[PDB]
2 protein chains.
Amino acid sequence: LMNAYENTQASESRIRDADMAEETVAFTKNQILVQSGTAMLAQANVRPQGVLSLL
Amino acid sequence: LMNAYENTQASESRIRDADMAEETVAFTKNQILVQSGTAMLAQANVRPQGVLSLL
């Protein structure tokens, strides 16, 4: 029973439990993309005033 | 209770809380349109001055 319990616990942890490294790398990549996207949205926000010189 | 509270708070924020990025673009476009309208109104105000040369 003890042997089967440890084997079953390992099998269950193989599914539900997350891998911390493979999650942290994705989290860092996503946050880098978020800051790049918000900077570029800010850049896009200051595009349309180019035509104000024509007024 | 705490799970339900966090879910309900998320649902409430999905409705009443505003999106800052989605709204700042509209704000900047609006003020650009205001500047263009002010410029055009100023230009149209001096429009009838051309008739003075006929008097």
# chains A, B, ... in the order shown; residues from 1 in each chain; ligands from 1
call {"tool": "interface_residues", "arguments": {"of": "chain B", "to": "chain A", "cutoff": "7 Å", "atoms": "only C-alpha atoms", "output": "list in words"}}
result
residues 25, 32 and 39 of chain B
call {"tool": "select_by_dssp", "arguments": {"residues": "chain B", "states": "alpha helix (DSSP H)", "output": "JSON, numbers by chain"}}
result
{"B": [2, 3, 4, 5, 6, 7, 8, 9, 10, 11, 12, 13, 20, 21, 22, 23, 24, 25, 26, 27, 28, 29, 30, 31, 32, 33, 34, 35, 36, 37, 38, 39, 40, 41, 42, 43, 44, 45]}
call {"tool": "calpha_fit_and_write", "arguments": {"fixed": "chain B", "moving": "chain A", "output": "mmCIF file with C-alpha atoms, in the first residue's frame"}}
result
data_model
loop_
_atom_site.group_PDB
_atom_site.id
_atom_site.type_symbol
_atom_site.label_atom_id
_atom_site.label_comp_id
_atom_site.auth_asym_id
_atom_site.auth_seq_id
_atom_site.Cartn_x
_atom_site.Cartn_y
_atom_site.Cartn_z
ATOM 1 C CA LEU A 1 -16.608 32.315 0.351
ATOM 2 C CA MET A 2 -13.155 33.668 -0.501
ATOM 3 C CA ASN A 3 -13.232 32.003 -3.925
ATOM 4 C CA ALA A 4 -16.716 33.349 -4.660
ATOM 5 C CA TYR A 5 -15.722 36.815 -3.440
ATOM 6 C CA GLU A 6 -12.745 37.013 -5.779
ATOM 7 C CA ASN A 7 -14.818 35.721 -8.707
ATOM 8 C CA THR A 8 -17.604 38.234 -8.036
ATOM 9 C CA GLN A 9 -15.101 41.075 -7.671
ATOM 10 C CA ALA A 10 -13.581 40.150 -11.032
ATOM 11 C CA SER A 11 -17.044 40.019 -12.613
ATOM 12 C CA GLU A 12 -17.982 43.437 -11.216
ATOM 13 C CA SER A 13 -14.666 44.977 -12.286
ATOM 14 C CA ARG A 14 -15.294 43.628 -15.789
ATOM 15 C CA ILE A 15 -18.202 46.095 -16.066
ATOM 16 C CA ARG A 16 -17.652 49.286 -14.081
ATOM 17 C CA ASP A 17 -13.854 49.577 -14.259
ATOM 18 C CA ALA A 18 -12.551 51.457 -17.291
ATOM 19 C CA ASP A 19 -9.725 50.339 -19.567
ATOM 20 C CA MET A 20 -6.995 52.964 -19.345
ATOM 21 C CA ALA A 21 -5.401 52.373 -22.756
ATOM 22 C CA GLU A 22 -8.674 52.281 -24.705
ATOM 23 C CA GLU A 23 -9.674 55.497 -22.918
ATOM 24 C CA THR A 24 -6.371 57.322 -23.434
ATOM 25 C CA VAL A 25 -6.394 56.627 -27.178
ATOM 26 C CA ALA A 26 -9.891 58.097 -27.486
ATOM 27 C CA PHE A 27 -8.924 61.081 -25.326
ATOM 28 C CA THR A 28 -5.904 61.822 -27.528
ATOM 29 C CA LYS A 29 -7.993 61.486 -30.694
ATOM 30 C CA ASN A 30 -10.664 63.800 -29.293
ATOM 31 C CA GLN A 31 -8.156 66.459 -28.227
ATOM 32 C CA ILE A 32 -6.501 66.328 -31.660
ATOM 33 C CA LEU A 33 -9.908 66.844 -33.246
ATOM 34 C CA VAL A 34 -10.600 69.737 -30.852
ATOM 35 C CA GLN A 35 -7.409 71.581 -31.764
ATOM 36 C CA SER A 36 -8.032 70.965 -35.469
ATOM 37 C CA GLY A 37 -11.585 72.257 -35.091
ATOM 38 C CA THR A 38 -10.569 75.389 -33.209
ATOM 39 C CA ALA A 39 -7.857 76.152 -35.769
ATOM 40 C CA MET A 40 -10.378 75.722 -38.570
ATOM 41 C CA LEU A 41 -12.940 77.875 -36.756
ATOM 42 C CA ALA A 42 -10.256 80.559 -36.559
ATOM 43 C CA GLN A 43 -9.690 80.084 -40.296
ATOM 44 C CA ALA A 44 -13.428 80.457 -40.950
ATOM 45 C CA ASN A 45 -13.459 83.603 -38.813
ATOM 46 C CA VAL A 46 -11.077 85.354 -41.229
ATOM 47 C CA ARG A 47 -13.020 84.473 -44.398
ATOM 48 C CA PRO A 48 -15.548 87.343 -44.747
ATOM 49 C CA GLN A 49 -13.021 90.204 -45.058
ATOM 50 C CA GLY A 50 -12.373 89.069 -48.636
ATOM 51 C CA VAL A 51 -15.137 91.386 -49.837
ATOM 52 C CA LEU A 52 -13.712 94.444 -48.056
ATOM 53 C CA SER A 53 -11.415 94.933 -51.057
ATOM 54 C CA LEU A 54 -14.569 95.558 -53.122
ATOM 55 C CA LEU A 55 -15.609 98.541 -50.983
#
